[PDB]
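**Student:** Submitted below is the structure of interest, expressed as C-alpha cells.
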Amino acid sequence: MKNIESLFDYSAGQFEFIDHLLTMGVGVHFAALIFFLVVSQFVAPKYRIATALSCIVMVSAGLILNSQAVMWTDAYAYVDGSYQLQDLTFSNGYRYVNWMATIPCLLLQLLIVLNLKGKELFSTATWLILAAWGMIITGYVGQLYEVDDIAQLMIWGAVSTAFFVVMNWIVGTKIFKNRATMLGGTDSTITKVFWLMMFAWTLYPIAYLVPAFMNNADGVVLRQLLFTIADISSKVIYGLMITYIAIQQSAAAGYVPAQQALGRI
Ligand SMILES: *C/C=C(C)/C=C/C=C(C)/C=C/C1=C(C)CCCC1(C)C
Ligand SMILES: CCCCCCCCCC
Ligand SMILES: CCCCCCCCCC
Ligand SMILES: CCCCCCCCCC
Ligand SMILES: CCCCCC
Ligand SMILES: CCCCCC
Ligand SMILES: CCCCCC
Ligand SMILES: CCCCCC
Ligand SMILES: [Br-]
Ligand SMILES: [Br-]
Ligand SMILES: [Br-]
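Written as C-alpha cells, this is what we have:
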C-alpha cells in the first residue's frame with residue numbers, strides 16, 4: 001500500500017519546487033515562533049497559555065516540515081535527467097501523526113480566548129479532541145489506500161468528514177453563544193476567526209482527494225502546495241488573530257503591558 005509520491009519520477013523543477021515549499025514553510029513557522037514568544041509578555045495571565053500554544057504549534061509543524069524536507073532529499077536521486085526513488089521512503093503519513101498533537105492545540109487556544117473556564121472548558125475540549133482524533137485516525141487509514149483502493153479512500157473519508165462536521169458544529173455553537181462575553185470589540189473579531197478556520201481546514205480534505213482526480217506528478221505538487229497554503233492559514237495567520245484577540249482582551253481587562261503594547265502601534 002504505497003503513496004502516490006512513490007509512483008513517479010520528478011523533473012528537477014518539480015522536485016526543487018516541492019523542496020522549496022517545505023523549506024519555506026519551516027522558515028515561516030520558526031519566524032512566527034519568535035514573534036509569539038516575544039509578545040507573550042504583553043498578554044494577561046488568563047490568556048497567556050493561548051500564545052504559548054502557538055509556540056508549541058510552530059515548533060511541532062516546523063519540525064515535521066523539516067522532517068519532510070530531508071526525507072524528500074534522502075529518498076530521491078537525480079539519475080539520467082530526473083529524480084528517481086532510491087532506497088529510502090517518503091510519506092505524508094507523518095503529517096497525520098503530527099495532527100494528533102497540533103489540532104488539539106489549535107482548538108484549545110480558541111476555547112481560551114472565548115473565556116470558557118472550568119467544567120465547560122474541560123468538557124468542551126474533551127469532545128472536540130475526541131472528534132478531531134476520530135477525524136484524523138479514520139483519515140490516516142484512508143490514505144493508506146490512495147493507490148491500492150480508491151473506494152476505501154472514499155469511504156474512510158466519508159467517515160472522517162462526519163467527525164469534521166460535528167466538530168465544526170461544536171466550535172461554531174460555542175463561538176456564537178459566548179460572543180457576548182468577549183471584550184475590546186473582539187466579539188466581532190472572533191466570527192472572522194471561525195470563517196478563516198472553515199476555509200483553511202477544508203483545504204486538507206481537498207488535498208486528501210488529490211489522488212482521486214489528479215493521479216500524476218503534478219498532483220503531487222498541487223497537494224504539497226495546498227498543504228502549504230493550509231498550514232500557513234490554519235496555524236500562522238490563525239495564531240496571529242488569536243494572539244491579537246488575546247492582547248485586545250488583556251488591555252480591556254486592565255493589563256498594563258497589553259495596553260502599552262497596543263498604544264505604541
Ligand atoms: C495544521 C494542520 C491542520 C489544521 C490539519 C487539519 C486537518 C483536517 C481538517 C483534516 C481533514 C480530513 C477530513 C475532513 C477528510 C479527509 C481526511 C482528512 C483527515 C484530511
Ligand atoms: C528567524 C529565525 C528563523 C530561521 C529559520 C531557519 C531555517 C532553517 C532551514 C533549514
Ligand atoms: C457545555 C458542554 C459542552 C458540550 C457541547 C456539545 C458536546 C457534543 C456531544 C457530542
Ligand atoms: C456545517 C458545519 C457548520 C456548523 C456551524 C453551526 C453554527 C450555528 C450555531 C447557531
Ligand atoms: C511509516 C509511515 C509513517 C506512519 C506513522 C504511523
Ligand atoms: C459526508 C456527508 C455529510 C454532509 C453533512 C452536511
Ligand atoms: C493579501 C494577503 C493578506 C494577508 C493578511 C495576513
Ligand atoms: C502587537 C500585537 C498585535 C498582534 C496581531 C498582529
Ligand atoms: Br489575568
Ligand atoms: Br502539523
Ligand atoms: Br445561537
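For the sequence shown, position 204 matches number 204 in the deposited numbering, and the numbering has no gaps at all. No residue lacks a Cβ here, since even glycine has one placed at the ideal position from N, Cα and C.
In the DSSP assignment, find the beta strand (DSSP E) that holds residue 83 and state where it starts and stops.
**Tutor:** Start and end: 82–85.
**Student:** Identify the residues that DSSP records as bridge partners of residue 79: which are they?
**Tutor:** Looking at the DSSP assignment, residue 79 forms a beta bridge with 82.
**Student:** Count the other CB atoms, across all protein chains shown, that sit within 10 Å of the CB of residue 92; report buried if there are 16 or more and exposed otherwise.
**Tutor:** Classification of residue 92: buried, given that the 10 Å Cβ count is 16 or more.
**Student:** Three or more beta-carbon pairs under 8 Å between the stretch 82–102 and the stretch 131–149, yes or no?
**Tutor:** Taking 8 Å as the limit for Cβ pairs, the verdict is that the stretch 131–149 does touch the stretch 82–102.
**Student:** Kindly confirm or deny that the stretch 250–258 and the stretch 36–52 touch, where touching means at least three C-beta pairs closer than 8 Å.
**Tutor:** Touching, per the Cβ criterion.
**Student:** Looking at C-beta atoms only, is the number of pairs between the stretch 58–66 and the stretch 23–40 that lie closer than 8 Å three or more?
**Tutor:** Flag = yes, the stretch 58–66 and the stretch 23–40 touch.
**Student:** Could you spell out where the alpha helix (DSSP H) holding residue 132 opens and where it closes?
**Tutor:** Per DSSP, residue 132 belongs to the alpha helix (DSSP H) from 118–143.
**Student:** Quick check: does the Cβ of residue 191 come within less than 7 Å of any heavy atom belonging to ligand 3?
**Tutor:** Residue 191 Cβ: outside cutoff for every heavy atom of ligand 3.
**Student:** Of all residues in the structure, which have a C-beta closer than 5 Å to any heavy atom of ligand 4, taken in chain order?
**Tutor:** Those residues are 168, 169, 172, 173 and 176, given in chain order.
**Student:** Sort 163, 179 and 58 by Cα distance to residue 114 and report the nearest one.
**Tutor:** The residue with the shortest Cα to Cα distance from residue 114 is 179.
**Student:** Identify the continuous alpha helix (DSSP H) that holds residue 278 and give its terminal residues.
**Tutor:** Coverage of the chain is limited to positions 1 through 265, which leaves residue 278 absent and any answer about it impossible.
**Student:** Between the stretch 142–158 and the stretch 1–16, do at least 3 Cβ pairs fall closer than 8 Å?
**Tutor:** Short answer: they touch.
**Student:** Buried or exposed for residue 264, please, with buried defined as at least 16 other CB atoms from any protein chain shown within 10 angstroms of its CB.
**Tutor:** Exposed, since its Cβ has fewer than 16 Cβ neighbours within 10 Å.
**Student:** Drop a sphere of 10 angstroms on the beta-carbon of residue 239, count the other beta-carbons inside from all chains shown, and report buried for 16 or more, exposed for fewer.
**Tutor:** Buried, because 16 or more other Cβ atoms sit within 10 Å of the Cβ of residue 239.
**Student:** Identify the continuous alpha helix (DSSP H) that holds residue 204 and give its terminal residues.
**Tutor:** First-last of the alpha helix (DSSP H) with residue 204: 186–208.
**Student:** Going by C-alpha distance, which of 80, 234, 231 and 224 is nearest residue 16?
**Tutor:** If we check each option's Cα against that of residue 16, 224 comes out closest.
**Student:** Return helix, strand or coil for residue 255, following the three-state DSSP convention.
**Tutor:** Here residue 255 sits in coil by DSSP.
**Student:** Taking C-beta to C-beta, are residue 108 and residue 131 nearer than 8 Å?
**Tutor:** No, they are not a contact pair.
**Student:** Distance check for residue 75 and residue 82, CA to CA, integer angstroms please.
**Tutor:** Those two C-alpha atoms are separated by around 13 Å.
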